[PDB]
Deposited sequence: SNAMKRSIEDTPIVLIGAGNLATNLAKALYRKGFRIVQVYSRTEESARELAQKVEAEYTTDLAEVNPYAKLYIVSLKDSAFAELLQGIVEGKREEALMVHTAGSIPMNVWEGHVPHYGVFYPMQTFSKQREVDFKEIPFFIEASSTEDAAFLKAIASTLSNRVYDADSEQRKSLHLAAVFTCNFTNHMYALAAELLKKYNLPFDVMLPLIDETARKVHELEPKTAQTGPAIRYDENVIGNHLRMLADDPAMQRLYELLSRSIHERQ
């Protein structure tokens, strides 16, 4: 029934490819693929038993869902040609999380954001989170049902919520890796190999699959053990920037008790 949603793809890049193939494997009919270049459109279209076009005027107007994955400018330039000719029920979605849903506003009555947030080629979607925004509660439910066909992790998220993901990634990837870097600087200073940290790094990550971070939290800053922290701060005296960081991070941990 849901796999009886005729689908058109506008764009034949990597994400589009993965998405189309996974949809096709799940039982979905992909009726047609569009791409800027002949090669790209044909190639993907051959992988999912679909027609292909290079011309927006030849895009099938009667599908239920249109998945646009074009880059910013290209998407931009071509929005009106994408919109042109589509019947009222056509659901118009784009896959880029950074592009507000309101681009479709005034052009089509049924639209949304269909954002699969991916970690890095071919990727199976069963653990990849999907973030859904739509022009209506029914359009959202439909896109969520489409996405749940491919993934166990499907959520409502507006632009503000989608920004919070990338803010959270900064903490989770950038700031975490920096902690590894500061550890490495210290072990370099003290002439101790860094490889000893690797089991601690792995387990720190592994642990929060099972426990909430707040519960997984350990160390001297929980009770604010000054016998430890005071001494650690002293060893960092020669790097007052790193020392401030140690202090502020420890207070931040302690403020959560």
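A.B. asks: Since the structure holds only modelled residues, which stretches of the deposited sequence does it leave out?
C.D. replies: 1-6, 127-129 are the stretches of the deposited chain that have no C-alpha coordinates in the structure.
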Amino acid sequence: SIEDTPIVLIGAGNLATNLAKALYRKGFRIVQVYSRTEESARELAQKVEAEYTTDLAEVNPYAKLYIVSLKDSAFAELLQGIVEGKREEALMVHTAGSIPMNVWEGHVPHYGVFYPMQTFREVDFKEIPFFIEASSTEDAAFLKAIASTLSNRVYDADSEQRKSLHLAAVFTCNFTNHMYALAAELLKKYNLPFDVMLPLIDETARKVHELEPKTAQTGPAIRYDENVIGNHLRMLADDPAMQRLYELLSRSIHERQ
From here on, numbers count along this sequence of modelled residues.
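A.B. asks: Averaging CA B factors per stretch from the PDB record, which one is higher: 124-132 or 91-99?
C.D. replies: Between 91-99 and 124-132, it is 124-132 that shows the higher mean C-alpha B-factor.
A.B. asks: On mean Cα temperature factor in this entry, is 195-203 or 29-37 the higher one?
C.D. replies: Per the PDB record, 29-37.
A.B. asks: Whose CA atom has the top B-factor in the entry, of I229, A50, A216, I67?
C.D. replies: Highest C-alpha B-factor among the listed residues goes to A50.
A.B. asks: Within this chain's modelled residues, let me know which third the CA B factor of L236 belongs to: lowest, middle or highest.
C.D. replies: It belongs to the middle third of the chain when residues are ordered by C-alpha B-factor.
A.B. asks: Split the chain's modelled residues into thirds by Cα B-factor; is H178 in the lowest, middle or highest one?
C.D. replies: It belongs to the lowest third of the chain when residues are ordered by C-alpha B-factor.
A.B. asks: Quick check for you: using the entry's CA B-factors within this chain, is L23 in the lowest, middle or highest third?
C.D. replies: For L23, whose C-alpha B-factor we compare with every modelled residue in the chain, the answer is the highest third.
A.B. asks: So where's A12 on the chain's Cα temperature factor ranking, which third?
C.D. replies: It belongs to the highest third of the chain when residues are ordered by C-alpha B-factor.
A.B. asks: Lowest, middle or highest third: where is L44 by C-alpha B factor in its chain?
C.D. replies: Its C-alpha B-factor, which the entry lists for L44, ranks in the highest third among residues of this chain.
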